[PDB]
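Raw protein-v4.cif, mmCIF, C-alpha atoms:
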data_model
#
loop_
_atom_site.label_atom_id
_atom_site.label_comp_id
_atom_site.auth_asym_id
_atom_site.auth_seq_id
_atom_site.Cartn_x
_atom_site.Cartn_y
_atom_site.Cartn_z
CA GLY A 1 -128.19 -89.25 -144.19
CA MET A 2 -128.37 -87.88 -140.64
CA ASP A 3 -131.34 -90.14 -139.82
CA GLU A 4 -131.29 -92.37 -136.72
CA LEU A 5 -130.97 -95.65 -138.64
CA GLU A 6 -127.83 -94.56 -140.44
CA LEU A 7 -126.26 -92.93 -137.39
CA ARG A 8 -126.89 -96.00 -135.19
CA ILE A 9 -125.22 -98.34 -137.67
CA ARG A 10 -122.34 -95.90 -138.10
CA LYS A 11 -121.98 -95.68 -134.28
CA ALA A 12 -121.97 -99.52 -134.05
CA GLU A 13 -119.27 -99.74 -136.76
CA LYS A 14 -117.08 -97.11 -135.05
CA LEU A 15 -117.44 -98.86 -131.68
CA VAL A 16 -116.30 -102.19 -133.26
CA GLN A 17 -113.15 -100.45 -134.51
CA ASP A 18 -112.60 -98.76 -131.11
CA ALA A 19 -112.93 -102.18 -129.39
CA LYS A 20 -110.37 -103.69 -131.76
CA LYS A 21 -107.92 -100.93 -130.75
CA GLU A 22 -108.63 -101.42 -127.03
CA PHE A 23 -107.95 -105.14 -127.53
CA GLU A 24 -104.56 -104.44 -129.15
CA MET A 25 -103.55 -102.13 -126.26
CA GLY A 26 -104.40 -104.95 -123.83
CA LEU A 27 -107.46 -103.14 -122.39
CA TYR A 28 -109.56 -106.29 -122.21
CA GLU A 29 -112.33 -105.01 -119.93
CA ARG A 30 -112.70 -101.81 -121.95
CA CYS A 31 -112.86 -103.91 -125.16
CA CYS A 32 -115.77 -105.97 -123.79
CA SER A 33 -117.74 -102.88 -122.72
CA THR A 34 -117.20 -101.18 -126.13
CA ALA A 35 -118.10 -104.35 -128.05
CA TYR A 36 -121.35 -104.59 -126.12
CA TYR A 37 -122.15 -100.96 -126.99
CA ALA A 38 -121.57 -101.69 -130.67
CA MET A 39 -124.08 -104.52 -130.44
CA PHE A 40 -126.54 -102.35 -128.49
CA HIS A 41 -126.63 -99.71 -131.22
CA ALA A 42 -126.90 -102.43 -133.88
CA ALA A 43 -129.86 -103.95 -131.97
CA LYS A 44 -131.54 -100.52 -131.64
CA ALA A 45 -131.06 -100.04 -135.41
CA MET A 46 -132.77 -103.36 -136.15
CA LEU A 47 -135.67 -102.55 -133.80
CA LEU A 48 -136.06 -99.07 -135.33
CA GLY A 49 -136.07 -100.43 -138.89
CA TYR A 50 -138.73 -102.96 -137.90
CA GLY A 51 -141.03 -100.52 -136.06
CA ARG A 52 -140.17 -101.70 -132.53
CA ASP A 53 -138.64 -99.66 -129.68
CA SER A 54 -137.01 -100.20 -126.26
CA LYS A 55 -135.84 -98.09 -123.29
CA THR A 56 -133.67 -100.62 -121.36
CA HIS A 57 -130.82 -103.05 -122.08
CA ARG A 58 -132.90 -105.99 -120.92
CA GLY A 59 -135.93 -104.74 -122.87
CA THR A 60 -133.82 -104.42 -126.02
CA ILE A 61 -132.33 -107.90 -125.59
CA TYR A 62 -135.74 -109.56 -125.13
CA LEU A 63 -137.26 -107.75 -128.17
CA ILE A 64 -134.35 -108.94 -130.31
CA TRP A 65 -135.07 -112.47 -129.05
CA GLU A 66 -138.80 -112.08 -129.80
CA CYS A 67 -138.17 -110.73 -133.31
CA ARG A 68 -135.26 -113.01 -134.26
CA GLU A 69 -136.96 -114.87 -137.10
CA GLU A 70 -137.98 -111.66 -138.86
CA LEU A 71 -134.51 -110.17 -138.29
CA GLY A 72 -132.62 -113.17 -139.67
CA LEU A 73 -130.84 -113.80 -136.36
CA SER A 74 -130.08 -117.26 -135.06
CA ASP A 75 -130.57 -118.23 -131.47
CA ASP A 76 -126.76 -118.04 -131.12
CA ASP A 77 -126.79 -114.48 -132.48
CA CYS A 78 -129.33 -113.56 -129.80
CA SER A 79 -127.19 -115.27 -127.17
CA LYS A 80 -124.18 -113.24 -128.40
CA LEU A 81 -126.05 -110.07 -127.25
CA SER A 82 -127.17 -111.50 -123.88
CA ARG A 83 -123.69 -112.73 -123.08
CA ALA A 84 -121.97 -109.51 -124.22
CA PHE A 85 -124.31 -107.57 -121.91
CA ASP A 86 -123.53 -109.81 -118.94
CA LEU A 87 -119.78 -109.46 -119.61
CA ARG A 88 -120.05 -105.71 -120.06
CA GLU A 89 -121.75 -105.60 -116.65
CA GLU A 90 -118.74 -107.38 -115.15
CA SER A 91 -116.23 -105.19 -117.06
CA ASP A 92 -117.88 -101.89 -116.04
CA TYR A 93 -119.51 -102.72 -112.65
CA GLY A 94 -117.71 -105.79 -111.29
CA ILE A 95 -114.83 -105.41 -108.83
CA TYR A 96 -113.57 -108.98 -108.25
CA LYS A 97 -113.12 -110.70 -111.62
CA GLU A 98 -110.73 -109.56 -114.34
CA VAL A 99 -111.45 -110.31 -117.98
CA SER A 100 -108.96 -112.43 -119.91
CA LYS A 101 -107.60 -111.87 -123.40
CA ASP A 102 -109.52 -114.96 -124.49
CA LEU A 103 -112.91 -113.69 -123.22
CA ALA A 104 -112.38 -110.31 -124.82
CA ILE A 105 -111.52 -111.81 -128.21
CA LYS A 106 -114.70 -113.93 -128.02
CA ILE A 107 -116.89 -110.89 -127.42
CA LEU A 108 -115.09 -108.88 -130.06
CA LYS A 109 -115.69 -111.53 -132.72
CA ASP A 110 -119.33 -111.81 -131.62
CA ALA A 111 -119.72 -108.01 -132.03
CA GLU A 112 -118.26 -108.18 -135.56
CA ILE A 113 -120.75 -110.93 -136.50
CA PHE A 114 -123.71 -109.32 -134.74
CA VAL A 115 -123.11 -105.86 -136.24
CA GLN A 116 -122.74 -107.32 -139.77
CA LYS A 117 -125.99 -109.23 -139.35
CA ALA A 118 -127.70 -106.06 -138.18
CA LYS A 119 -126.42 -104.21 -141.24
CA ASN A 120 -127.81 -106.99 -143.43
CA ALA A 121 -131.23 -106.82 -141.73
CA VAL A 122 -131.64 -103.04 -142.15
CA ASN A 123 -130.13 -102.93 -145.64
CA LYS A 124 -127.03 -101.00 -144.56
CA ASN A 125 -124.50 -103.53 -145.81
CA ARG A 126 -124.29 -101.14 -148.78
CA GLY B 1 -107.88 -106.90 -98.63
CA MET B 2 -110.59 -108.31 -100.91
CA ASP B 3 -113.24 -106.11 -99.25
CA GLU B 4 -115.54 -103.92 -101.35
CA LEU B 5 -113.98 -100.61 -100.27
CA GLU B 6 -110.51 -101.62 -101.38
CA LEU B 7 -111.67 -103.25 -104.61
CA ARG B 8 -113.78 -100.21 -105.60
CA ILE B 9 -110.87 -97.82 -105.14
CA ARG B 10 -108.57 -100.19 -107.00
CA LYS B 11 -111.14 -100.44 -109.84
CA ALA B 12 -111.38 -96.60 -109.98
CA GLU B 13 -107.56 -96.31 -110.14
CA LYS B 14 -107.30 -98.90 -112.94
CA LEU B 15 -110.06 -97.19 -114.92
CA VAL B 16 -108.20 -93.82 -114.67
CA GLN B 17 -105.12 -95.49 -116.17
CA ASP B 18 -107.22 -97.20 -118.88
CA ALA B 19 -108.79 -93.80 -119.77
CA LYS B 20 -105.34 -92.22 -120.05
CA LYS B 21 -104.38 -94.94 -122.56
CA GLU B 22 -107.61 -94.50 -124.54
CA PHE B 23 -106.86 -90.76 -124.67
CA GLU B 24 -103.37 -91.37 -126.09
CA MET B 25 -104.78 -93.70 -128.81
CA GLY B 26 -107.20 -90.91 -129.79
CA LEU B 27 -110.29 -92.79 -128.52
CA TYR B 28 -111.90 -89.68 -127.06
CA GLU B 29 -115.43 -91.04 -126.56
CA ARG B 30 -114.11 -94.23 -124.96
CA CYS B 31 -111.90 -92.11 -122.66
CA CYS B 32 -114.92 -90.12 -121.41
CA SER B 33 -116.96 -93.26 -120.71
CA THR B 34 -114.05 -94.92 -118.82
CA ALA B 35 -113.30 -91.74 -116.84
CA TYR B 36 -116.92 -91.59 -115.73
CA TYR B 37 -116.74 -95.23 -114.59
CA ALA B 38 -113.65 -94.45 -112.53
CA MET B 39 -115.57 -91.68 -110.80
CA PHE B 40 -118.62 -93.91 -110.32
CA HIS B 41 -116.62 -96.53 -108.44
CA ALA B 42 -114.89 -93.80 -106.42
CA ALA B 43 -118.33 -92.35 -105.51
CA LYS B 44 -119.63 -95.81 -104.52
CA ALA B 45 -116.51 -96.26 -102.34
CA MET B 46 -117.19 -92.96 -100.55
CA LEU B 47 -120.86 -93.85 -99.99
CA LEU B 48 -119.93 -97.32 -98.70
CA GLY B 49 -117.33 -95.93 -96.29
CA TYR B 50 -119.90 -93.46 -94.96
CA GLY B 51 -122.76 -95.97 -94.53
CA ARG B 52 -124.81 -94.80 -97.54
CA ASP B 53 -125.85 -96.84 -100.61
CA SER B 54 -127.28 -96.30 -104.11
CA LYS B 55 -128.65 -98.41 -107.00
CA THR B 56 -128.66 -95.86 -109.88
CA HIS B 57 -126.26 -93.35 -111.48
CA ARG B 58 -128.58 -90.47 -110.70
CA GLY B 59 -129.16 -91.76 -107.15
CA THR B 60 -125.40 -92.01 -106.59
CA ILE B 61 -124.78 -88.51 -107.95
CA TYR B 62 -127.45 -86.92 -105.73
CA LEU B 63 -126.19 -88.73 -102.57
CA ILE B 64 -122.68 -87.47 -103.26
CA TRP B 65 -124.16 -83.96 -103.55
CA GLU B 66 -126.11 -84.42 -100.30
CA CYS B 67 -123.07 -85.73 -98.41
CA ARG B 68 -120.45 -83.38 -99.90
CA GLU B 69 -119.54 -81.53 -96.71
CA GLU B 70 -118.86 -84.74 -94.80
CA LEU B 71 -116.92 -86.17 -97.76
CA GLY B 72 -114.68 -83.12 -98.20
CA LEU B 73 -115.94 -82.48 -101.73
CA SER B 74 -116.46 -79.02 -103.14
CA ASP B 75 -119.46 -78.10 -105.20
CA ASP B 76 -117.15 -78.21 -108.25
CA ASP B 77 -116.09 -81.76 -107.33
CA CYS B 78 -119.77 -82.75 -107.27
CA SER B 79 -120.30 -81.02 -110.61
CA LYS B 80 -117.32 -82.98 -112.03
CA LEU B 81 -119.37 -86.19 -111.45
CA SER B 82 -122.64 -84.82 -112.88
CA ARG B 83 -120.91 -83.53 -115.98
CA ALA B 84 -118.84 -86.70 -116.52
CA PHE B 85 -122.09 -88.71 -116.36
CA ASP B 86 -123.80 -86.48 -118.92
CA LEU B 87 -120.77 -86.75 -121.24
CA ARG B 88 -120.54 -90.50 -120.76
CA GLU B 89 -124.21 -90.68 -121.82
CA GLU B 90 -123.32 -88.85 -125.03
CA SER B 91 -120.17 -90.97 -125.62
CA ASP B 92 -121.98 -94.31 -125.12
CA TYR B 93 -125.60 -93.55 -126.19
CA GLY B 94 -125.44 -90.45 -128.41
CA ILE B 95 -125.31 -90.80 -132.19
CA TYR B 96 -124.97 -87.21 -133.48
CA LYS B 97 -122.21 -85.44 -131.53
CA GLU B 98 -118.57 -86.51 -131.48
CA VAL B 99 -116.38 -85.74 -128.48
CA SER B 100 -113.32 -83.56 -129.00
CA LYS B 101 -109.81 -84.06 -127.65
CA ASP B 102 -110.36 -81.00 -125.47
CA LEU B 103 -113.56 -82.35 -123.84
CA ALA B 104 -111.95 -85.70 -123.18
CA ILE B 105 -108.91 -84.16 -121.52
CA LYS B 106 -111.22 -82.10 -119.28
CA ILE B 107 -113.09 -85.19 -118.10
CA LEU B 108 -109.88 -87.14 -117.66
CA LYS B 109 -108.38 -84.48 -115.40
CA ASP B 110 -111.64 -84.28 -113.45
CA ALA B 111 -111.52 -88.08 -112.92
CA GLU B 112 -107.94 -87.86 -111.62
CA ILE B 113 -108.97 -85.14 -109.12
CA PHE B 114 -112.24 -86.84 -108.14
CA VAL B 115 -110.66 -90.26 -107.60
CA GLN B 116 -107.84 -88.77 -105.48
CA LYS B 117 -110.37 -86.93 -103.35
CA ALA B 118 -112.32 -90.15 -102.90
CA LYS B 119 -109.16 -91.94 -101.80
CA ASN B 120 -108.54 -89.17 -99.27
CA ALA B 121 -112.10 -89.42 -97.90
CA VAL B 122 -111.99 -93.20 -97.34
CA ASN B 123 -108.39 -93.25 -96.10
CA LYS B 124 -107.06 -95.13 -99.14
CA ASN B 125 -104.48 -92.54 -100.14
CA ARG B 126 -102.10 -94.89 -98.31
#
Let me see the structure of the file written as structure tokens.
Amino acid sequence: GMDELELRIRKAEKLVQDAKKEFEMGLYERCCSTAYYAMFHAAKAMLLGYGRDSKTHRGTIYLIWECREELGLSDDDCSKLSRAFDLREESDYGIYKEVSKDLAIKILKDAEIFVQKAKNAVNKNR
Amino acid sequence: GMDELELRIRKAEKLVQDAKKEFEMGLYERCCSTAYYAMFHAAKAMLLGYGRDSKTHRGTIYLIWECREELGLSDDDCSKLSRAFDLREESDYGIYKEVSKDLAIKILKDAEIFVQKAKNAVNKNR
């Protein structure tokens, strides 16, 4: 449908594909930022489906942590989101460090895992 | 040098090129988001060079408006930034609307103009 849960998961899925394409073009910073966004929407979908809500990146990340058991997320899964956020902050707002191919691939693979787990949690792996 | 003014302008310039490549791959939402980031860093460079500072997107946008005369920016130039921010919000955080090729090209061309004007203002068109 056109409900928020469906559209969030669809947005997360599209962003994962966009990030894959950025990676192949060698746009490693852009890949990291997009991959974080995919995870953000997936997190928001999980919070929606389980009657929680957030209005900030940090708020969203901590709620995911708090609700991990119910959501079927491991501690590593929750760390995937924290780390992707921190790396997105560097990609979008940092001016000294450049992001390597190897960092970007790490975040991309984390996004794939995190978004799949989100789909599982909200019964959208359908 | 490795000073903030130089690195901000360099970041803005790189982001404009990244956005051009996203556009060519057909990643229209990603293009808009990247183009806004280019303009953001260019705005921060102009504020730095003219002894002002900001800590929010909206704060940055309003300071650019306030300082436009001194910066050599037209009202349209300031509207380029406001609109690019609003469209970046839709590209990154919206879940209903998709961004067309024609919107993305508009924002891309605005970023090119805005970043050049920023370079002029801070004497980095060198």
* Asked: Taking only C-alpha atoms into account, which residues of chain A are within 12 Å of chain B, as a ChimeraX atom specification?
  -> /A:1-42,44-45,55-57,89-98
* Picked residues, the PyMOL selection byres ((chain B and resi 82) around 12), as a PyMOL selection string -> chain B and resi 36+39-40+43+57-65+75-81+83-89+107+110-111+114
* Asked: In Å to one decimal, how far is atom CA of residue 53 of chain A from atom CA of residue 109 of chain A?
  -> 26.0 Å
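Pairwise distance (atom CA of residue 100 of chain B, atom CA of residue 54 of chain A) equals 29.1 Å.
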* To do: Take atom CA of residue 46 of chain A and atom CA of residue 124 of chain A and report the distance between them in Å, one decimal.
  =>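 Atom-to-atom, atom CA of residue 46 of chain A to atom CA of residue 124 of chain A, that is 10.5 Å.
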